[PDB]
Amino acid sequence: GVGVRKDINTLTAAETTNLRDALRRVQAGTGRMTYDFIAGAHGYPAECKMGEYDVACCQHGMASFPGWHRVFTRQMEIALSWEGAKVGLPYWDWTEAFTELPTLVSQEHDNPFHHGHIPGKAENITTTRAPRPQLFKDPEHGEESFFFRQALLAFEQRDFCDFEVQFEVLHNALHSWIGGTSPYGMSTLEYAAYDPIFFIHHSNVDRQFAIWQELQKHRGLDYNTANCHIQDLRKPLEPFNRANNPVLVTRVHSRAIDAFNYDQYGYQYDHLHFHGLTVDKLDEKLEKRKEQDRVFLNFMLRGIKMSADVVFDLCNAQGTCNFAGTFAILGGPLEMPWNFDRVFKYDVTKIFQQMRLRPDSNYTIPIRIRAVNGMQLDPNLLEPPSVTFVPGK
C-alpha cells in the first residue's frame, strides 16, 4: 500500500476515505506541507525566472517534461503520505473507454478531489471543469479509445526524445478537454495544478512513462538513461532543487536524468499491464502495427502563450471533406518559450484508406486552431503539417 499507485477503479471505500482525509489536510494548510506550496511549483504564481521575467517552473515542450512531472507528482504524493495517506496517488487509465469522470474526483460534496482554491482570490474562487464533448466521444469513431490509439503510437517509439513528443502531446488533450473554457482549471498552464484531478492524470501519465521504460528494457534499449538532450536532462528541475524543499528525495534527485529511476523516489505501480497485456504482448502488438503501410501527418509545435485545440480535415479534389484528427497544446502567458526539435506524428492511415486517397493523390488538409477560451485563432500560428508514407516492415 505505502507508495503503491493503484488503478482508481480498484480503490476500496476505506482507501477512498483515507485519500480524501489526507488531501483535505494538505489543502487546509495546517499540515506538514500545503497544497498551495506544491501546486505553485507548476504555473501561477510564477516561481521561476527567465532573465528578469517571471515564468512558470513546469517544463513543457521539451525532453525534460516527463522527468519534471514525475518529480512533481511524487512531491504531492509525499505530502499526502505525510498527512496520513496509506496508498499512493491512484492513476486513472483514461485510455480505457469511459463515459464520465471517475467518481473519486467528480463527487461534488465532502470531496477534496473536486476542486482547489486559487491563491490570492477569495475562498470561493476555485478551479472548475468544463469538459469538452470529445473527452467522452471518440472524435475519430475508431476501434477502441481515441486515447488508446494515440498511446500506442507513442509506445512504438524506440528513442526517448521521439517517445517524449508523442507522450506529451497526448497528455495535453486531457488537460484541454477536462478544463475547457474554465477560467481556472486544467486547460491552462497557470492554474491546472490547483485542480486535484491534475495529479490523478499525472499519476497515469507517469505510469505510461513507466510502461514505455519496460518496453525499452524488453527491447534491449536505453530505459534508465537517454542519449539525447544529454545536457538538458542534467539541468535542475526547479524549484525542487531549492533548499526550501522539505522533501529530501526530490531535492537530491532533482534532474530529469535522475528521474528515469523512479524506484529510488519510493513508489511503484500496482502493475504495468497496458490493457491487461504483458510487456511482451504489448510490444508484439506494436510490432504487428508496424507491418502495415501507414500514412502520417507531421506537425512542428511550439508554445503560443495559450492552450489550444487543433483540428484538421482531409479534403479530396472534389471538395468532399472528412474529419482527420485533433490534438492539443497546453500553455499560457507564464510559459517558458519552447519549440519541439522534431515532428509530432499523427496516424491518418485509416482516413486516407476510407477516402481512397494515396499520399500522392490530390487533396488538401485544412487546419483550424481554437483557444481553450473558445476564440478562433489564426491557422498560420502553426506550420502546416507534412505528409509521410511509411511502408510496412
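Start at 1 and count along the sequence shown; that's the residue number.
The mean Cα B-factor in the deposited entry runs higher for 267-275 than for the other of 267-275 and 123-131.
Stretch comparison (193-201 versus 287-295) by mean CA B-factor in the PDB entry places 287-295 on top. Per the deposited coordinates, the residue with the largest Cα temperature factor out of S182, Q157, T103, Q318 is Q318. For the set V26, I329, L357, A41, the PDB entry puts the maximum C-alpha B factor at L357. Per the PDB record, residue ranking by Cα B-factor puts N339 in the middle third of the chain. Among the modelled residues of its chain, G61 has a C-alpha B-factor that falls in the lowest third according to the deposited record.
When the modelled residues of the chain are ordered by their C-alpha B factor, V387 lands in the lowest third. Looking at the C-alpha B-factors along this chain, the one for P139 belongs to the middle third.
Remark: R302 belongs to the middle third of its chain, ranked by C-alpha B-factor as recorded.
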